[PDB]
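Okay, here we've got a single chain as structure tokens, the form deposited in one PDB entry, with questions on binding and movement later.
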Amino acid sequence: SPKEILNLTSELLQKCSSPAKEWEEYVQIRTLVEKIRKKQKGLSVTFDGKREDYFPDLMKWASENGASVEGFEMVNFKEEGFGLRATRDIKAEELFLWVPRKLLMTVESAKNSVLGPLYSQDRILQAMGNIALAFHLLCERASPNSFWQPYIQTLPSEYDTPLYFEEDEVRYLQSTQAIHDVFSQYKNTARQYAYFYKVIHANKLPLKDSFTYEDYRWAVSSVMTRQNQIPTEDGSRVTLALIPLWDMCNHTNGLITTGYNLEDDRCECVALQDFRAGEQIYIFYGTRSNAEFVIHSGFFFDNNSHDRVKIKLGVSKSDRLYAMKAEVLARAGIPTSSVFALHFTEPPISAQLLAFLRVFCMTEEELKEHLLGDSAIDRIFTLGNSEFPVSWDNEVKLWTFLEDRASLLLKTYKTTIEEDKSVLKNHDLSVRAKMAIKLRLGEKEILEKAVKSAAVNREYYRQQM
């Protein structure tokens, strides 16, 4: 049994160290992982009660270490799972939550823990603070007298990140942009488990006794769905942390502000609106897309204002004007090839993508004028500015290119928008399956809206004198 585990581990490391069809490669590492997982005992450490039985002990511990515990409670919400609910009215500008640095789990708490000796010797742990935090969480989970036990015992036992999807759930993402990041996440997590199973030279860790794949998947998913950035002890730069109490807050586009109080050395949340008793207390996780939310947080946000789909574009080395185009882009601080995004909102493109498309479609004479800088206007500075077109001709060409490109990308999809919406009527679809389908539907709705915006712009510029 232990010799067999290490044998399958070595094969997993090799299988995940070769680059790449993508789906075929994914099912291979998936059948390999599900085999190693079958031979293991799930999570090495489990707790006697359900997570909700442990919330009073999390509150007591946070309270004893100086955190704000009054005016809220933990409630199981239908749409977001567990979260915080106000027990009284909260007024705008009220400093509602504060969590002292002592409660946090950081790379700094990791280095000072039983994990320090292995952290000091391992190069992978040194370059990836999130993986180091994942291991710090694992080591402490398995230490019964750990200071962080009231926090670890209230953490979820599973997540809705793609690492937890069944093959049939991921299948729904075939022929989408998002599926590429899902494969990469699966291939990197498996590679990481393999490397670290072999490495696990500090044997004083409770991971020497038991370190399953389910342990690693739980640790990295706990970190990616909950990690927040905090400043360092001196305030020089940003670092990652797991913040107890605070990380019970779900996401909404709400009237709250979060920050770090350097002087009092604590994580702070200020209400920017009055909240009524019995209302859920949320925080803003950031202007993340639904792809970033599904893949790194395990949820799809329906009311996402910031939804977008990734798009790769580059100037062709076979274009006669490649060198001039590349130079104008470099002077504007834009690469010759990169991953851009198409936004659901009007305008679908950023100042950086507008700048790129204008250069991509410039004539030789326009390129020369930009490189000479003999305009009364700094044309490099206004390159991504909608108010300063290079020419109506350039605008017509770039909006034509975008319309055509988005139309082409749309055809690469296996299902229609109506088919996605019909599928979504199945009340028995799993949470994970609904997330994959909404994501697939979302990509198409963004591309369809981008075709329409590009046509409106093409028409507008073809109407100019």
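Each form is matched to the other, and the largest set of C-alpha atoms that superpose within 1.5 Å is called the rigid core. We number the residues from 1 along the sequence you see.
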| query | finding |
| --- | --- |
| Unresolved deposited residues in the interval that joins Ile200 and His201 | 4 to 9 |
| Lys21 preceded by how many uncoordinated deposited residues after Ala20 | 4 to 9 |
| Residue stretch of maximal mean CA temperature factor, 324-332 vs 303-311 | 303-311 |
| 68-76 versus 170-178 - greater average Cα B-factor per the deposited record | 170-178 |
| Highest recorded Cα temperature factor - choice among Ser407, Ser63, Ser422, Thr400 | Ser422 |
| Criterion, highest CA B-factor; candidates, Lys187, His251, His296, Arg101 | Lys187 |
| Third of chain Cα B-factors occupied by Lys452 | lowest |
| Cα B factor band for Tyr282 (lowest, middle or highest third within the chain) | lowest |
| Chain-relative CA temperature factor third for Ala355 | lowest |
| Assigned third (lowest, middle, highest) for the C-alpha B factor of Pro162 | middle |
| Chain third (lowest, middle, highest) by recorded CA B-factor, residue given as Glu366 | lowest |
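Omitted from view is the form deposited in another entry, to which the following refers.
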property	result
Rigid core superposed: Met324 CA moves 2 Å or more between this form and the one not shown	yes
C-alpha of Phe356 moved at least 2 Å between this form and the one not shown on rigid core	yes
Cα-Cα trend for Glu52 and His427, given that in the other entry the distance shifts by 3 Å or more	farther
